[PDB]
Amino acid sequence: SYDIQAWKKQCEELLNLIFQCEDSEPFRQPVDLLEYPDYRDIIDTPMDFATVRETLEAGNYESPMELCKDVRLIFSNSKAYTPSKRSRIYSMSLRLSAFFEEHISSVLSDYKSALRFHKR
């Protein structure tokens, strides 16, 4: 399965599944500072799933590793802001992270395998 470009549609499909998850609601658009006025005091690099989808669709990711780094930033940012491990939004972030990691694993493996085959 040595298609170097196949990761992009696989990531579009995975983002579609993440948007269907009720657990993605809080992460679907850039955080609003009116509700959380100190957000940029704690969070240096805001990230959300709409920004990840737009970056993919603009052709501004070179690899699925770069998309994975941005999705992981959504989850680390949510953790940086949670007042507790028992908070609702943080709890939704942990389930969504587990779902994302379960699905991205093969996308990364296939891509890296395809690049190694190209350079063989």
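Rigid core: the largest C-alpha set superposing within 1.5 Å between the two forms. One rule holds for the numbers: they count along the sequence shown, beginning at 1.
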Original post:
Taking C-alpha RMS after core alignment, which stretch differs more from the shown form in 8 other deposited structures of this protein: 62-70, or 27-35?
Top reply: 27-35
Original post:
in 8 other deposited structures of this protein, superposed by the rigid core, which stretch departs further from the shown form in CA positions, 77-85 or 47-55?
Top reply: 77-85
**OP:** Take the C-alpha B-factors listed in the entry for 50-58 and for 85-93, compute each mean, and give the stretch with the larger one.
**Re:** 85-93
**OP:** Read off the CA B-factors in the entry, average them over 94-102 and over 18-26, and name the higher stretch.
**Re:** 18-26
**OP:** Give the position of residue 8 by CA B-factor within its chain, expressed as the lowest, middle or highest third.
**Re:** lowest
